[PDB]
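Under the authors' numbering, the first residue of the sequence shown is numbered 1, with each subsequent residue one higher.
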Amino acid sequence: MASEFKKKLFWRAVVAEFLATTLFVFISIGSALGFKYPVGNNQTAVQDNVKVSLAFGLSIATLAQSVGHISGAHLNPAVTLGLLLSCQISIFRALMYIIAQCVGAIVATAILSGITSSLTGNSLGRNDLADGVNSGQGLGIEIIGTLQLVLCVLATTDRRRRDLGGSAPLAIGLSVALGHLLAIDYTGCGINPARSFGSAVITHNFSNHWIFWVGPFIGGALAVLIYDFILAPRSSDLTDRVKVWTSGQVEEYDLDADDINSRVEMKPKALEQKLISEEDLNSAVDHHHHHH
Numbered sequence: 001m002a003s004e005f006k007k008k009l010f011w012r013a014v015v016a017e018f019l020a021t022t023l024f025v026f027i028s029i030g031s032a033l034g035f036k037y038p039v040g041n042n043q044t045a046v047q048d049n050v051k052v053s054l055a056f057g058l059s060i061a062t063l064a065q066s067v068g069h070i071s072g073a074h075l076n077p078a079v080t081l082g083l084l085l086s087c088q089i090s091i092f093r094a095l096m097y098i099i100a101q102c103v104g105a106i107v108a109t110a111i112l113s114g115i116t117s118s119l120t121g122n123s124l125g126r127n128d129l130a131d132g133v134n135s136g137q138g139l140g141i142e143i144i145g146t147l148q149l150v151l152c153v154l155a156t157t158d159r160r161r162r163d164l165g166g167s168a169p170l171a172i173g174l175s176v177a178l179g180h181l182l183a184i185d186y187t188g189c190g191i192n193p194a195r196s197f198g199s200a201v202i203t204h205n206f207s208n209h210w211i212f213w214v215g216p217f218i219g220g221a222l223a224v225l226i227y228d229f230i231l232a233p234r235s236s237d238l239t240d241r242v243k244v245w246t247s248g249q250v251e252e253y254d255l256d257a258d259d260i261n262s263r264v265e266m267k268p269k270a271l272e273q274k275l276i277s278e279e280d281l282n283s284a285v286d287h288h289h290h291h292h
């Protein structure tokens, strides 16, 4: 049999997803490299978790931007966990989305390593514990921090109206860089399991590596219960709503005229065909077509 195009992928966005994590996370590292490069007190400039983390939330935005506001952190698995909600029978596109992005961050770090050929991996954000929360300690820290990530996504897709100011991608991200600000530094463990895993493939550990996966899943999953009431598996619509307030309209009418001046009733022709001649009716009143 012929063998040239193996796999052939499933969708043009399965790729979008690994693609997503490599673009944000790879460079994200760059911020963590300078915050430490030049290393040691040599100048007055100082880099804090605020700069690098703030750096992280924005990229996500473009992640959204390079495609359109209609896309969230396709580069994040923590946010995707909430998306699941409660659907998983036998393999799903998301099953494919989680694996693809997990892959996005991992490949990203691999390429960045060569970059460290000249420098020293002292604070690449990989297995570099930060004074404060050990990795585990991020369990509480990851749940709140990450949770914040998921809630922004659901409300972003919500049609209701309550809090709106700009574009959802920009807003959810405000949530991301920040989210990173509390969670990432406390442990160095990402808000999302993707940030922690990209670096995690490099240096493996014990249960410490597991904490990275659970804290974000607990927080987001919980987010769902927090904002997900009224269940309605597949909108079947019994018979257009189930109540009335003002008779007259059936679909969506604001007025209730009574046929006073029929303007358009008989299709003059519907989609021209040829014509070749107009009514003419003479042109005694030439007011149209002037342009000086």
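Just so it is clear, CB atoms sit at the ideal spot from N, CA and C, and this is done for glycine as well.
Residue i versus the options, residue with shortest Cα-Cα distance
i	options	result
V176	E17, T116, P38 and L63	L63
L178	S167, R93 and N192	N192
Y37	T120, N76, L112 and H289	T120
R12	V67, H291 and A2	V67
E17	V79, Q43 and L139	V79
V224	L81, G165, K51 and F10	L81
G173	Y97, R93, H69 and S117	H69
Exposure label - residue i; buried when at least 16 CB within 10 Å
i	result
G114	exposed
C189	buried
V242	exposed
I106	buried
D185	buried
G248	exposed
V285	exposed
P77	buried
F24	buried
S90	exposed
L147	buried
Residue i versus residue j: straight-line alpha-carbon distance, rounded
i	j	result
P216	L112	25 Å
residue 337	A45	There is no way to answer for residue 337, as the model of the chain reaches only from 1 to 292.
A100	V39	34 Å
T187	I60	21 Å
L124	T22	15 Å
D240	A108	50 Å
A20	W245	48 Å
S207	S196	13 Å
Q65	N127	31 Å
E252	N282	42 Å
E4	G104	24 Å
Residue range of the alpha helix (DSSP H) that includes residue i
i	result
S86	It is not in any alpha helix (DSSP H) - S86 carries neither H nor E in the DSSP assignment.
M96	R93 to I115
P216	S207 to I226
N134	Note, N134: premise wrong, no alpha helix (DSSP H); not H, not E.
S59	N49 to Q65
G173	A168 to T187
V25	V14 to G34
Sufficient close CB pairs (3 or more, under 8 Å) joining the stretch 18-32 to the stretch 46-55:
Yes: the two stretches touch, three or more of their Cβ pairs being nearer than 8 Å.
Does the stretch 151-162 come within contact of the stretch 204-217, defined as at least 3 CB pairs closer than 8 Å?
No: the two stretches stay apart, fewer than three of their Cβ pairs being nearer than 8 Å.
Can you confirm whether the stretch 158-172 touches the stretch 180-189 when touching is taken to mean that 3 or more C-beta pairs between the two stretches lie within less than 8 Å?
Short answer: they don't touch.
Using 8 Å as the cut-off, can you tell me whether the stretch 225-236 makes contact with the stretch 127-137, which would need three or more C-beta pairs spanning the two stretches below that distance?
Taking 8 Å as the limit for Cβ pairs, the verdict is that the stretch 127-137 does not touch the stretch 225-236.
Is the number of C-beta pairs between the stretch 161-172 and the stretch 71-82 that are closer than 8 Å three or more?
Put simply, the stretch 161-172 touches the stretch 71-82. At least three CB pairs are less than 8 Å apart.
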